[PDB]
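Participant: First the structure, then my questions, so here it is.
Cβ sites come from the backbone with ideal geometry, for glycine too, and all protein chains shown count toward neighbours. Taken together, the values in this text are just the output of simple stated rules run on the coordinates, not laboratory data.
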Amino acid sequence: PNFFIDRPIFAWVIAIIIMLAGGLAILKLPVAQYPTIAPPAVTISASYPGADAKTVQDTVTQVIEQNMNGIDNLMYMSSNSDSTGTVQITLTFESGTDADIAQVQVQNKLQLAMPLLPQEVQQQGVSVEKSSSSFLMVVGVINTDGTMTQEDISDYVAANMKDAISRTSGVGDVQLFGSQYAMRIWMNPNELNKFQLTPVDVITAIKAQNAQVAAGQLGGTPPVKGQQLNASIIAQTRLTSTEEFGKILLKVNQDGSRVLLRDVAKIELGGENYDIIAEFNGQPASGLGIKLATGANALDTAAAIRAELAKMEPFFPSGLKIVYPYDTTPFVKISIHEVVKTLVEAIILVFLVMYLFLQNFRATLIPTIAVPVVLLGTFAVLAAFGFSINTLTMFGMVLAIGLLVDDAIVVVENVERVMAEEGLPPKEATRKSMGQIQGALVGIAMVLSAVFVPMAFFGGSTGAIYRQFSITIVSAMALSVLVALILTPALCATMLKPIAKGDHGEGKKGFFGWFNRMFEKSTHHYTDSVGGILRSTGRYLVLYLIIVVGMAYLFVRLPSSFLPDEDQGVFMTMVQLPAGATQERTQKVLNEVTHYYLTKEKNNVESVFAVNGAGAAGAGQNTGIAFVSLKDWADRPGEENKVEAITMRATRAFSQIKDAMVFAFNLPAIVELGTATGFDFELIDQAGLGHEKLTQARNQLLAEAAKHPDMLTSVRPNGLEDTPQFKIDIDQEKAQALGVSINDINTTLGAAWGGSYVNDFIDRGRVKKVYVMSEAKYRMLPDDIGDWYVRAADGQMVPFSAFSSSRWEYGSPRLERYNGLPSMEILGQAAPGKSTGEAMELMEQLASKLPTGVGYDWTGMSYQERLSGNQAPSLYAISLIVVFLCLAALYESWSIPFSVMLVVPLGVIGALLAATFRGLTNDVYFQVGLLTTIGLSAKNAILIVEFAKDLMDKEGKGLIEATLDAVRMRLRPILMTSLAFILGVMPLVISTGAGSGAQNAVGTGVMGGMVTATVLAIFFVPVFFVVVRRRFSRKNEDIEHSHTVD
Amino acid sequence: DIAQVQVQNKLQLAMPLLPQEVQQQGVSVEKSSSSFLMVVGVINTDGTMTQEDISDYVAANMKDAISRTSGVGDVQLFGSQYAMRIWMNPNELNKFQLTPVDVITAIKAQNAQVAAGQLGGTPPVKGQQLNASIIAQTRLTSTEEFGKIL
Amino acid sequence: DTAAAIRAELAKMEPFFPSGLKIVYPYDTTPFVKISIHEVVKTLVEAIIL
Amino acid sequence: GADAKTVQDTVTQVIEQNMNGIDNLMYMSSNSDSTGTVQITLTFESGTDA
Amino acid sequence: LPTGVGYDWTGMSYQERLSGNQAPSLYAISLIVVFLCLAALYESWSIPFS
Ligand SMILES: CCCCCCCCCCCCO[C@@H]1O[C@H](CO)[C@@H](O[C@H]2O[C@H](CO)[C@@H](O)[C@@H](O)[C@H]2O)[C@H](O)[C@H]1O
């Protein structure tokens, strides 16, 4: 402290060391958009081709839900049993659990369940994965020539690119969009009755002829003596071409005219699945979703991947061009450009405020060295704690440009003051001044970490968001007061100019700031004033409570956000067709939507990625989804040219004009979180009941909540409602007669209409599948059932209509389970200005109006909200107590802390003022902001209260005289700090361009807060101080003429 | 945890060399104190159900969640969950000239779900308009329809 | 704490139980750990007072 | 039974396709033998948790 | 060798190529630390250069 005054070089060395650590930690520090925030979930997925909802729910789903146990830290189980044969069991774990352990343990209980599965599922694959819906990129591959189909392209994807990109530095998970080439063999029902054959015979034919064989070796061990030759018996090799599959022999006819497979079926290299069709502006396309590697450079993973893709550009086939429908990268690059712009802008402002106020170039340079240094270092402390440059942490730093700016200003000011007041040369001046502010500053460090640390401890995904802020800011601050104590006092004692005693430079110069008088008169005005306002304090205690009450009202009205919705350069629109619809209808709708975007939005849109089959609801021809890419924002000027009005005019288009519901929206900021003002209700069956009764209970609760539009709003299920299905009752009696095997009946019906993955081959070097399914025109409408024949042991064919009863009924196409038992998921939010928690209470009281065997429970968003929500009071209680205790220590008082803690309202009010006059919302940013403001306001209170006491004691001055003196000397720096600040933050508040959502959320609260805080504080702080001090002691007193200095 | 995974990683090298009755009965790899943490009991005060009635409610309503709770290693049930218990008569089998094997292949063939497919499925024919779920053979839900097994 | 989690899970299952099904508690190392260490607390506080 | 090209095209490189994104991996090297044996070695950045 | 045939080092010679490619930066950082360290202890810029 006093130490580094006489050691400017040791100070420089600590500076330089921290700077080098900064630049070093800055070069090699990750960049991601946001940090890891979702409470880890592993996904088990199994595809059971052909299976209906109940078949996967009962054969795979429940057998795995029953063998999942003994895995550490299980929060809940959620299960999709989809009628496209797919099962998705999503195990979401307690937050911050080892993803690695969760995945492996889950999978090791799964491999224990593996033999208890059907063999179709066992061979199709059950996969355990770590769930992130946040793909760094979706890279598109298209074909302009018109040459290639979806699967053609897809195959090229899988066999030329998919894994060369998967090399590039920064790439973790690689995923392909579409389906790879399989041996697609399409049976003909006529040409199968012709030569008297069923699927089973096709099947064993294909297994037998297309395989490897456990061979042997010449000259093997043990040998015979004198041996000399050793080589490998090459046995049966699998079939390379489609032709060679045509050649496979099903049966020989009696006269020798033989039957090769080609005759009974159409044969082709085809897709392994044809559920989803991917169009890129109508153009044939497949895709690849690349993930940023588990903690690496987003922007350099992007630069490397795009550079790598182009090395493959000279070896890409005809008319094959690459495209980028979804790109986190330019939005993050631009986020960062604006954080660097802001911090350096704020800093420049500080130079203008500091010069055009102290007019000493060497005084002006000091903070210019002071916070860059705190900057670099702050980076280094976060580097050490394992963090990255994402949005939350960088705005975590901007959010505290002010405490840093303040820290420097406080000191330089106080020194310049000591010289202008006392005439001391600079060295002795900096010791007098550090001697003055040192203890206070350690105090500010203890009150600032007393407010900023309780906000590091929240639980669930909210706590994560906060932890980033807590540590960024506590570290900027910690290193800030450290710099404040080591270097800058050395920089004041070492490059600061001596001021002639009582200089003040009134007039003394023509071409620059007659201002000094203009400042001076006024600062006397300020104190001329203040004593009068002390002279009858009464009114202000009224005014104060007025304001305090107001602060509350204005506050209770502020709406309760989570984060601002950002125009990401990218938004999407999804399509839901009526029940049971076909690939063709949905595909029509996607085509229309695309035309609308590319035309009636020709100034804006750049790309549509129409995807048929994948929709928001779940899987099925039924659903459709479109990724809509916009041009770069320097080509989208106006208000009606940006995502807000674009999405609004797109749903405008598609609502009023269709037979199907097609909605458009922009993605949320953090790609997986709560809708803030709502919930996610799962209605559960705990007693022994079937789907009928549970859905009935669901409808009952659906109506019971439509009866409260005053609390609850748009209470809906998130799934597919019962569609009609087609039951084929096999009368085993009839087929028990005809000499057919029930096996062959089931499995021919199967391999016909659902299909059969049967065997494996080797295409051009890469192993791929062999599928056998009926051709198109012989398996579409229930009539085609007839065209299909099963052969008995006695040689006689049988039509299906000979033993197949058939009807229509309903069935559920999507069977959900919650924690092992049948459930139906109810989404919902609360009516406008009603609490989410209230809606939750009314929900529990409504679902309590349901039959026994119907129970309820909470998940995800409303899960973390029902456990962690009583923390907000307790942590700021710890905060209040810890700060009060800290000040009590810094002074030597159980009462004086009150005149400074009382300043806190004075700052909150303007931010609320500001929220409302800017129509913004109480989101996270506003709140970290709240604190920041409270922070400076309190710091200033602390320095005023200190100087007051310091006079009162260590000069003998009296209460009023000394509070006057105090406030007097602290007027100029508050004003300097506040100007540089309000002027640094200013650009945030009025700025559009990517991440303006954030910048505005921040800026508003701060600027308003700063305004009402300084302009209030400079009149209330002496009153707090003066009033509170009159309840202590009982005498000795008001007071002066005292005494030692000893 | 690491040990569990390594031991179980050698168990995956023994898994195919075990019988299919064992593999389907389930092999379990666990971490667990050799002592009982607690014994939770359920009864019925009236007698309104026998032992196995209850035991079934225990194994089919509760046990799956006690055994998922984080921190629970081994759960051991005193008793058993309901199965379709079918008690052959050796005489009544010698009569119609039948062995257990016929019971087995019968029950295997008659009682199963079936991969059926979709009307108007993927890939479809042009001009299509119907898409819905073919339901085939379903599992035998009740106790009677088990007698009717042919 | 495993015991607290289990009391919670069982309390979730309480309302969809059939006619007259009561849980009963034959064996628990748990209440002893609490009451034993609690008697060590009663002692700390008393001793302070002495 | 399979020969080297058969294991390297059916088993080996179907495994190297999934070894992406694993943390603190220095290099990968894989042997494809014609006695049915396939052997992959992942060498990690030094001091990585084994 | 022909266009498209390349080289790399692994195991021992990889670790040796790391030792040498690292050797310069190690002598720059250690020299710089001694210098700051001395500039600090002996409050000077002259003691360090000399
Ligand atoms: C950063 C810049 C801040 C912008 C400030 C712009 C002006 C708005 C606030 C000015 C506050 C001064 O308001 C102050 O109020 C008190 C009333 O209690 C007056 O006080 C008056 O009444 C008291 C006793 O009744 C007497 O001392 C009397 O001599 C008189 O001073 C002061 O004369 C007035 O100076």
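Participant: Looking only at other chains, what is the average number of their beta-carbon atoms within 10 angstrom of each beta-carbon in A:344-357? Don't skip to the answer; put the middle values down first.
Facilitator: Details: counts 0, 0, 0, 0, 0, 0, 0, 0, 0, 0, 0, 0, 0, 0.
The shielding value for this peptide is 0.
Participant: Can you work out the FRET efficiency for the pair residue A:868 and residue A:793, with r the C-beta to C-beta distance and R0 = 60 Å, to the nearest 0.05?
Facilitator: Once the sixth-power term is evaluated, E becomes 0.35.
Participant: Now for a different question. Quick one: if you stick a label point 7 Å off each Cα along the C-beta vector at residue D:25 and residue E:14, how many nm between them?
Facilitator: For residue D:25 paired with residue E:14, the spin-label model returns 1.2 nm.
Participant: Averaged over A:65-77, how many beta carbons belonging to a partner chain fall within 10 Å of each residue's beta carbon?
Facilitator: Details: counts 2, 4, 2, 3, 13, 13, 3, 5, 2, 5, 1, 1, 3.
The per-residue average across the peptide is 4.
Participant: Peptides A:24-34, A:541-551: what's the order by average Cβ count within 10 Å, highest mean first? Each step should come with its number before you reach the end.
Facilitator: Values: A:24-34: 16.9, A:541-551: 14.3.
Highest to lowest by the protection proxy: A:24-34, A:541-551.
Participant: Oh, and also: Can you tell me the equivalent ellipsoid semi-axes for chain A? Use √(5λ) from the Cα gyration tensor, largest first, whole Å.
Facilitator: After scaling each eigenvalue by five and taking roots: 72, 32, 26 Å.
Participant: Let me ask something else. Rg(Cα) of region A:568-672 divided by 2.2 N^0.38 Å?
Facilitator: Dividing the Cα radius of gyration by 2.2 N^0.38 Å gives 1.05.
Participant: Now, a different point. Across the Cα atoms of chain B, what radius of gyration and what greatest pairwise Cα-Cα distance (Dmax) are found, in Å?
Facilitator: Reported Rg and Dmax, both Å: 22.8, 67.
Participant: If you don't mind, another one. Could you tell me which residue out of A:294, A:916, A:507 lies farthest along the dipole of the protein assembly as shown toward its positive end? Charges go on the beta carbon: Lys and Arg +1, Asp and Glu -1, centred on the Cα centre.
Facilitator: Highest projection toward the positive end goes to A:507.
Participant: About its Cα centre, what dipole magnitude does region A:723-811 give when the only charges are +1 on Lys and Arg Cβ and -1 on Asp and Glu Cβ, stated in debye to the nearest 20?
Facilitator: About 460 debye.
Participant: Could I ask something else about it? Rounded to the nearest 0.05, what FRET efficiency do residue A:337 and residue A:986 give with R0 = 22 Å and r taken as the Cβ-Cβ distance? Could you check?
Facilitator: Efficiency, rounded to the nearest 0.05: 0.75.
Participant: Quick check on region A:138-243: take the gyration tensor over C-alpha atoms, sort the square-rooted eigenvalues as a ≥ b ≥ c, and tell me if it's rounded (a/c under 1.5), prolate or oblate. If you can, show how the numbers build up before the last one.
Facilitator: Numbers: a/c = 3.42, a/b = 1.27, b/c = 2.71.
Cα axes put region A:138-243 in the oblate bin.
Participant: Follow-up. Given region A:568-672, what count of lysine pairs have C-alpha atoms under 24 Å apart, with each pair 8 or more places apart or on different chains?
Facilitator: For region A:568-672, the number of qualifying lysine pairs is 10.
Participant: Got a sec? Charge dipole of region A:179-274, +1 on Cβ for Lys and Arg, -1 for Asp and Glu; which of A:183, A:232, A:271 is way out at the positive end?
Facilitator: A:232
Participant: Between rounded, prolate and oblate, where does region A:719-808 land on the alpha carbon gyration tensor, with a ≥ b ≥ c its root eigenvalues, rounded for a/c under 1.5, else prolate if a/b exceeds b/c?
Facilitator: Note, shape of region A:719-808 comes out oblate.
Participant: Do the alpha carbons of any pairs in A:28/A:291; A:207/A:291; A:162/D:5; B:31/C:42; A:130/A:707 sit beyond 29 Å of each other, and which pairs?
Facilitator: Details: A:28/A:291 20 Å; A:207/A:291 38 Å; A:162/D:5 22 Å; B:31/C:42 36 Å; A:130/A:707 40 Å.
Listed pairs above 29 Å: A:207/A:291; B:31/C:42; A:130/A:707.
Participant: Taking a cut-off of 18 Å between Cα atoms, list the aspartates and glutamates near residue A:768, but don't count ones fewer than 8 places away on the same chain.
Facilitator: A:120, A:151, A:152, A:155, A:163, A:243, A:244, A:268, A:272, A:760, D:9, D:16
Participant: Just the Cα atoms of region A:311-428: what Rg and Dmax do they give in Å?
Facilitator: My reading of the Cα-based Rg and Dmax gives 22.5, 84 Å.
Participant: Given +1 on the Cβ of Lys and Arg, -1 on the Cβ of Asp and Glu, and no further charges, what dipole in debye does region A:179-274 carry about its Cα centre, rounded to the nearest 20? Write down the numbers at each step before the final one.
Facilitator: Working: 10 positive and 8 negative charges, 50 e Å.
Here the size comes out at about 240 debye.
Participant: Residue A:1035: which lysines have alpha carbons under 21 Å from its alpha carbon, excluding same-chain residues fewer than 8 sequence positions away?
Facilitator: A:949, A:954, A:957
Participant: For a footprinting-style exposure proxy, rank E:37, A:492, A:886 by other Cβ within 10 Å, fewest first.
Facilitator: E:37, A:886, A:492
Participant: Could you tell me how many cubic angstrom of Cα convex hull volume region A:874-1026 has per residue?
Facilitator: It comes to 101 Å³ per residue, whole-number rounded.
Participant: Can you sort A:894, A:753 from fewest to most other Cβ atoms within 10 Å of each residue's own Cβ?
Facilitator: Taking fewest neighbouring Cβ atoms as first place, the list is A:894, A:753.
Participant: May I ask you to list the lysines whose Cα is less than 28 Å away from that of residue B:148, ignoring any residue fewer than eight positions away on the same chain?
Facilitator: The qualifying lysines are A:54, A:693, A:727, A:734, B:95, B:108.
Participant: Just to verify a number: FRET efficiency for residue A:667 and residue A:244, C-beta to C-beta distance, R0 = 60 Å, to 0.05?
Facilitator: Result of the calculation: an efficiency of 0.80.
Participant: If you don't mind, another one. With +1 assigned to the C-beta of every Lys and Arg and -1 to the C-beta of every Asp and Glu, and no other charges, what is the dipole magnitude of the protein assembly as shown about the Cα centre in debye, to the nearest 20?
Facilitator: Around 2620 debye, computed over the protein assembly as shown.
Participant: On to the next question. With a/c under 1.5 counting as rounded, go ahead and sort region A:225-357 into rounded, prolate or oblate using the C-alpha gyration tensor (a ≥ b ≥ c being the square roots of the eigenvalues; past the cut-off, prolate if a/b is larger than b/c, else oblate). It would help to have the intermediate numbers written out before the result.
Facilitator: Values: a/c = 5.16, a/b = 2.51, b/c = 2.06.
Taking the square roots of the gyration eigenvalues as a ≥ b ≥ c, region A:225-357 is prolate.
Participant: If you average 1/r over all unlike Cα pairs in region A:994-1039 and invert the result, what Kirkwood radius do you get in angstrom?
Facilitator: Working: mean 1/r = 0.0738 Å⁻¹.
Evaluated over region A:994-1039, this radius sits at 13.5 Å.
Participant: Tell me the label-point distance for the pair residue A:541, residue E:5, using the 7 Å Cα-to-Cβ offset, in nm and rounded to one decimal.
Facilitator: 9.6
Participant: Another question, if that's okay. Please check which bits of region A:228-255 a label hung off residue A:208 would reach, taking the label as a point 7 Å along Cα-to-C-beta and the cut-off as backbone N under 20 Å.
Facilitator: Under cut-off, by backbone N: A:235-240, A:244-255.
Participant: Could you work out the relative contact order of chain A, using alpha carbon pairs under 8 angstrom and six or more residues apart, expressed as a whole percent?
Facilitator: Computed value for chain A: 16 percent relative contact order.
Participant: Further question: Rounding to the nearest 10 and keeping the result within 0 to 90°, find how far the Cα-based axis of helix A:401-422 lies from the longest principal axis of chain A.
Facilitator: Approximately 10 degrees, to the nearest ten.
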